[PDB]
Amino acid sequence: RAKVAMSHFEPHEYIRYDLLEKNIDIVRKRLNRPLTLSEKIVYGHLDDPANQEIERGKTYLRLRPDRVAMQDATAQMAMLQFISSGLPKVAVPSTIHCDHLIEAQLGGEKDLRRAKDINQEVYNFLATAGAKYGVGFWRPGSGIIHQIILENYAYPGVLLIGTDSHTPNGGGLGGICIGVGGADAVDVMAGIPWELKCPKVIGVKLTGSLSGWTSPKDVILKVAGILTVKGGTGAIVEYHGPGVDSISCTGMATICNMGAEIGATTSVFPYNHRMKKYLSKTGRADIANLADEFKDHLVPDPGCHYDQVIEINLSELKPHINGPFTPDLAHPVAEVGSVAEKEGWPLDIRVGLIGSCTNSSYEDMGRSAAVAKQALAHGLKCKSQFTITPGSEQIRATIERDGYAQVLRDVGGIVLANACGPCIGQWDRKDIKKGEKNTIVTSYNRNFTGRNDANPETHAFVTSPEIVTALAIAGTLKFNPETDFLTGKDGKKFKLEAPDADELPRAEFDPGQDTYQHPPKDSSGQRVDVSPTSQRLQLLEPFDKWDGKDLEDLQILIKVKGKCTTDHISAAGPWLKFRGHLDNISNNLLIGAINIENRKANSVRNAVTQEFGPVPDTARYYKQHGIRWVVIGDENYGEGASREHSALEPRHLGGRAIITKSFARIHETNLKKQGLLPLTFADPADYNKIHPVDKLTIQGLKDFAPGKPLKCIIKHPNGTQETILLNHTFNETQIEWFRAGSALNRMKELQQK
């Protein structure tokens, strides 16, 4: 048909809208009903469209994704697992992005230089693994992974998977972009089918047009407060309505991005003119042109059934600000100054932070700049500390050139390197002592306890870049930009005008410096050296196969109460240093969870010694002595980041099973991949029958089966037994992973030995 290539860097890899079409057609013949946009792209990508059983919320689809993307903090373990497979070359276009390890301290060029020195060992291992398996590499300084994908790799109709939970960002350009763990991405780099449980679809209908201070971030801050952190679990969010055309392509990216915060498999928009415009301005005008010929399969079918519909009138929507320690606690900016005051949240703002993959684009930077020049016109500068992260080299080079970066500098801001930085806690914050209670306002997405500075008493509120700017100028949460009056230098009271700004540069985008490094697809005659005495990298040893027996007299390591995020299970910040060393990173296991016995973080009873101590050391002690253990958690366990370390670490320290009232998706998949047993209570009130002193026997593992529950004998210390039933979402493919000890031990048996 046409030969239009997937990117400027793979000129030989072509977009298959013909294959999409062929399979959407086979599927709609079988179903005879309207398909939504997400069903078309997803079902369009099935390995077997004539035979696949499709039932939303029930069947597991075996899919063929178009590309794989990884960032430096999760690419390490994903590549160390690819090296154990023993396969020579990745089978689909794959990329590594070096965005997570650049700590913020001094600002821009300085922080990058110091990071290239400190992280040389790791960046070197990724560059060599890259050259060898044929994975493209974006060097430190290039930008935050999702801004680089939308600028170079995302198009209408792509199915892209990535080792980072905010990969949905790509829905701003009409693809199905989905967050996964390192072992899922190894399957796809290895060329085997990827499985996804078939999603429900929540249609959200946008009406009106946004006006003034309201921006794209307010739509997803309000959707989050309406649907809550677990309302999107098992669903794709599918936007539609007349209001869509009012939103920029990067603002659509913004909204798809933070759908991660309601547990959604991903979010997506239909191909329209704002997207076409952006493809053309990022040199992919031929992809805009080919999407016009395929437009019917890149929009939803007339009258498709959504499993839930929600409607938002953009024109009625006001400025929002969410948190303190969950992103679905939504307030209007006009009332946050009084709830905080009622609730005891601190009112003076210490630091205001714009950036992250949710809000770091050319439009975000210019809208922020426009509040800042008004303050400058009255001789005012930031009363809070103000830091600014650009999303990529191209945005850094271009806002510099269009004058924005200098306006933001003149009000008192520091421009950091194009990296995550403060958002995964790679910040060297020294204005507060730890445990000092304070307020930081960000334009980020998560605001879980201790995540930006490892201080639990930091109250972080997430919002939009123009509201962060306005409030940093004011220095207080009691300030509504829309109503209130600042006082200039001159003695005159003035009020801020709502910001106006271009969505893309009028001129072309200045590209900045070279940051991409292509694989030699020639040479690749590299050796990947991992020093055997290294502290940051260590090769893997397989896990144990299942011994054919049931799990008797298991010890409860911890029974967790409340919210247990993957930032509570495996902390980030200073622990990023060890993302390539399983034994050294296993020392943060569960140190942030609250134990129900004492309401304390990292303080659990050792069953043997009866002394209370750290969770890592207690699990190593149990392991050392042959005690197999279990974790009992509450609802929506594993909320957050997709880091597979949160499942690798309990397996490394002797953990056998995890039993919760519900799981967040990616974490449940990550636990089955590593040989553990994620199990749910068939009755959630059974959580109250189990006490940390009891021993549990999981029985009937020998005739393990999809749909059939397993029985748990809660042995109470007094001799009382009790049976409860525990359900599991395993299909027979997954049961082969557990029997073998892990998906990777299974993939290695199938290589005929």
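Numbers follow the displayed sequence, beginning with 1.
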- Item | 647 to 655 or 347 to 355, whichever carries the higher mean Cα B-factor | 347 to 355
- So 248 to 256 or 308 to 316, which one's hotter by mean CA B-factor in the entry? 308 to 316
- Would you mind finding, among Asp184, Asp431, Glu238, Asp364, the residue with the largest C-alpha temperature factor in the entry? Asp431
- Message: Comparing recorded Cα B-factors across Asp634, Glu497, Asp286, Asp617, which one is largest?
- Response: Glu497
- Query: How does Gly337 rank on Cα B-factor within its chain, lowest, middle or highest third?
  - Reply: highest
- Message: Ranking every modelled residue in this chain by its Cα temperature factor as given in the entry, which third contains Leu63?
- Response: lowest
- Grab the CA temperature factor for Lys29 from the record and place it in the lowest, middle or highest third of its chain. highest
- Query: Would the CA B-factor of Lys277 place it in the lowest, middle or highest third of its chain?
  - Reply: middle
- Message: Quick check for you: using the entry's CA B-factors within this chain, is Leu710 in the lowest, middle or highest third?
- Response: highest
